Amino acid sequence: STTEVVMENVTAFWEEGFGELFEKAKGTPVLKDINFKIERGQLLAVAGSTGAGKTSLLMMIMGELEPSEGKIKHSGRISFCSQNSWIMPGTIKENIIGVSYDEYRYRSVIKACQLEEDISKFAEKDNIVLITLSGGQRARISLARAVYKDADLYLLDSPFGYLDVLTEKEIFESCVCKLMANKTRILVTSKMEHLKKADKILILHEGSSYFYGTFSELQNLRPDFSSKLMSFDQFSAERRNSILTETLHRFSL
C-alpha cells in the first residue's frame, strides 16, 4: 500500500523549548507555514537553498521534529535515503536487503539502480564483502537499500551524489519514475528535469515555501525566477545549489 501526505500550515522549531512556547502561544523556526498535499503514488520534488529546511522537512515526517503549529497526516512505514551515503561492513546483498530476502524485488532494485554490472565484476557477486567502493557505487547501494525496503512512503534526500549526468538521468527514470511509479515519494533534488517530471514541487528558502505547485505553474507564476534556472542540469551539484541559493536570496518574499 501507499499513503497520502498532507501538511497544512506547519511551523517547527528544532529547539524544543521554543517549539513549546510557540505552540502554547495560542528564535526562528526551521520551517514556517508549510503546505502541501501529495496523493497516493505521487512524486513530490523538494528543492531549495542551502539550509532552507529540506532535510528537516523529511525529519518532521519521520517524527524526529515535531510541529508547533499545523497538521501533518500520513500513515504506514517510511523508508529514508540520507544525503550522505553509508555502507555497513558486510556483503552488497546484506547492505541492500538487511535480513529479509525477496528475490524478485531484490533483482528489480539492483537492475533499476544499475548494480548488475557492479555485482557481476566480482567472483563472489553480491556476496562480496564491503573491497572499497567509489562514491557512485556507494550512492547506488544506499538508494537500493531505501527502495528495497517495503514501505508506504519513500523519502529520498539528494540520493544521486557522485553519479555521472547520464547515469543519474537513467536511474531517475528507471528507479524513481518507473520502479517506484506507484509509491508515494518525496525527492530532494536540484535538477530542473526532476522538478519537471514531479507531480508537485516545493521550493524552500530560509524555512519558508517560496513556491508550491506544478513545474508549469512555476514557469508561469515565477517567470523571473525560472529565467535563471531554465544548461543548468549539466552544472555540478555544488554549482546548481549555489545558483539556486543565490537566485532564491534575490527573489524571496
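Counting begins at 1, following the sequence as shown.
Per the record, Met230 and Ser231 are separated by a gap of 1 to 3 residues from the deposited sequence that were not modelled. Coordinates are absent for 4 to 9 residues of the deposited sequence placed between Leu130 and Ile131. Mean C-alpha B-factor is higher over 90 to 98 than over the other stretch, the pair under comparison being 90 to 98 and 141 to 149. Relative to one another, 101 to 109 and 151 to 159 have unequal mean CA B-factors, and 101 to 109 is the one with the higher figure. Looking only at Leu204, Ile38, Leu221, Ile186, the residue with the top Cα B factor in the deposited structure is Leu221. When all modelled residues of the chain are sorted by CA temperature factor, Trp14 is found within the middle third. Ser68: CA B factor in the middle third of modelled residues in this chain (values from the PDB entry). Sort the chain's modelled residues by C-alpha temperature factor and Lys121 lands in the highest third, per the entry. Per the PDB record, residue ranking by Cα B-factor puts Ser82 in the lowest third of the chain.
Per-chain ranking of the deposited C-alpha B factor places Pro29 in the middle third.
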